[PDB]
Amino acid sequence: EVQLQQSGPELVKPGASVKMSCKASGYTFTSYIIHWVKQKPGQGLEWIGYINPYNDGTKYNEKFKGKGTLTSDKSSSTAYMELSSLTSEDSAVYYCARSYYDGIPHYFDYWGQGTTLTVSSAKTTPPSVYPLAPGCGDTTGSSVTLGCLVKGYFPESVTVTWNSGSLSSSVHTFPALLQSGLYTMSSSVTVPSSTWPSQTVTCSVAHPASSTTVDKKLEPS
Amino acid sequence: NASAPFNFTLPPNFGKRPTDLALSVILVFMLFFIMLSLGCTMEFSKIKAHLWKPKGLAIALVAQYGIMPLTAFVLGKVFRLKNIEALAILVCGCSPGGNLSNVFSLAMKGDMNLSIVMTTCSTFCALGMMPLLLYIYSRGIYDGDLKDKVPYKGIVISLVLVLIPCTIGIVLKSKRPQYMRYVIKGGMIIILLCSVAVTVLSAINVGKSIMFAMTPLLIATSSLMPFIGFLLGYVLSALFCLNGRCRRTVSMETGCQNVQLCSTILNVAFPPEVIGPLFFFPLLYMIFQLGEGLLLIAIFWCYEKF
Amino acid sequence: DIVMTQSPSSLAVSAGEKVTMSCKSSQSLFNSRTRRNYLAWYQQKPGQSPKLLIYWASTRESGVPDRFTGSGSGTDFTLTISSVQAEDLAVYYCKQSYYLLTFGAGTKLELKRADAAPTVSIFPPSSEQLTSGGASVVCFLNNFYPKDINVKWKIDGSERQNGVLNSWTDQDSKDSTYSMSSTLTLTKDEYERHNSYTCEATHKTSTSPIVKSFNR
């Protein structure tokens, strides 16, 4: 069948000048038009515009008129998109969709996997792992919850695992949200109070975008 | 059944075959010699008089530009045609007067000077105001601009290749009318040979007799459009108090229209695969209006001898 | 232009409940020439690209289950799932294309739960955190079903509601509940001038709010 191949993740400075490509090889490339849809995280889809690869005619949204610039290449059977004006608010997920177009675009029957674009000051930094431990006069209880908070890592790819803990059972990983240019994430796991002093738990963090895999063991106060 | 383009496809060489270029040049030569032979029977005094009193020309423009596009739009809305079919019939309706109308008026033998003046002024007014009218009538069809796709080089070249033979004929009759017999006889023989050549060559150039796959009601509207044009022109001229000789030419000028610009605009807007039988639709429309005109010729010649 | 408004935007369906989604559009997006009524419903499961479900507001795309049926005309449209199965958790948009392409707000789906018993837990800043030049007190809430939940920070009986960061879990498939985390970020030389740092959580599972005090 047909499948639309996107370019891949892009990380650019706020100086803009980024370009995205959408390669489609399943059909006669000049018979359908290629749209572009922007999705901010948790804010719903938003139309940008389309390009007719036959006559290279484009239509844009009113908001995206200034920024977007859609080009098509019949020989390579790909459709491009340039923004050339980026701010910190622009980072979102961009999809390319194919629709049949006789006089009016009908519907987006096929979509691409998406290009996750990030706009920031870059300067990737390693994270700092701060252990979490209660015991400031608290009576605790049958079970105690622990965690490992991290600070100041730029790139998205980070995971927290509890190999010495409860593993995937009864563990919660809160997603990271951006603040001050370097964002943070949290993970939480629970262990019975009887088995916590007897068997220590250590949390391991992996940061593939760097060479840091620092591990440390939390200590009760 | 979802939405997919038609299986209709065309050979890759079709864009730049030597046969297509030969057909184009032979058609241009044919039109040039038709217009020469047909301007050999004109005079500048009567065309000056007709342009002085634009009653016939004004009624021709009104019948081709104010009411014909409106009825094409109403036909597209009522018959429930698709977007491509509606745009095709609308562009056919908004097209100017064809050059075949001059030959057909010569067959009806009425007021050739008035026919030529209205057809040239109608082509000029087409160049003037086809974009705005096609724009106002294309709401809900072709969200794109569509103003920059209508041909303007084609219109001026057509106007020039129609005016040049007419001007040559006028000058030749006014100055030295002594080679009428030889020139017109050679023109007739070369036109017969050229028509034979075009008929033979188009048979292998076009091919793909799958035109009957066109939906029947599209054939119905492509049949009604030339007839409604003829009737509209005739009734408008007659109920406007004009003489009989000067009204048949107006009617049959309003009925006959150019269709090559419809082909150009449709092929620029859409690929040959998105367009199904509508690629050969203008050829069907032209031959159907030719047949309707021949029927009207038969009716006229049955009324004349009685 | 046309602005598309989806009514529910959030609901919970467990096993076989109807959904009766609705988006009313702005003006008549029904083509009179061709009786087609341009509209389309897309389903976007989390972490995936949207998928077409219904086109022309009545016809279902080949490949969808028979459960998804779309019915409507004029400006009022409806999508029903009937027997909501486990993998039908997504966001539905009901895009229109009559005049100019616009998407809807989106409708999210969850699973009903009998009740919620949120668990509170507060943590002081780490020992080495203070040496780094800053501090952050963290408290995260676990296993509460309803999404509407409030967390606020009380210090010495005084509320600040500044420099507070909130994060939510994404309804893990093990049980239809989801968690919450709250962090308060503050720099050095002002952490020890107030102490207190009391946490209060208000939820619909209990009229009396849950409050957690902190000392030292």
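As written, the chains take the letters A, B and C, and residue 1 is the first residue of each chain.
Going forward, a residue touches a chain if its C-beta (ideal position, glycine included) is under 8 Å from a C-beta of that chain, and two chains touch if they have at least 3 such contacts.
Each chain and its UniProt protein: B = Hepatic sodium/bile acid cotransporter.
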Among line, ring, star, complete and other, the chain touch graph is complete
Chain pair showing more contacts of the two, A-C and B-C:
A-C
Taking the mean of the C-alpha atoms as each chain's centre, how many Å separate chain A from chain B?
59
If you average the CA atoms of chain A and of chain C, how many Å lie between those two points?
18
Calculate how many whole Å lie between the centre of chain B and the centre of chain C, each centre taken as the average of the chain's C-alpha atoms.
62
Identify all positions of chain B at which a residue touches two or more other chains, and write them in rising order.
2, 82-83, 86, 140, 143
Chain A touches at least 2 other chains through residues 104, 106-107, 109
Using the touch rule from the top of the page, what residues of chain C touch 2 or more other chains?
55, 61, 100
Enumerate the contact residues on chain C facing chain B in the complex.
31-35, 55, 61-62, 99-100
Can you tell me which positions in chain C touch chain A when the two form their complex?
38, 40, 42, 44, 49-52, 55-56, 61, 91, 93, 95, 97-98, 100-106, 119, 121-126, 128-129, 132, 136, 138, 140, 142, 165, 167-170, 172, 179, 181, 183, 185, 214-216
Taking the touch rule as given, give the residues of chain B at its contact with chain A in the complex, in rising order.
2-5, 82-84, 86-87, 140-145, 268-271, 273-274
Which residues of chain A touch chain B in the complex?
28, 30-31, 52, 54-55, 57, 59, 100-104, 106-107, 109
Footprint of chain C on chain A - complex, ascending
35, 37, 44-47, 50, 61, 95, 104-109, 111-114, 128, 130-134, 136-137, 145, 147, 149, 151, 172-177, 179, 184, 186, 188, 190, 221
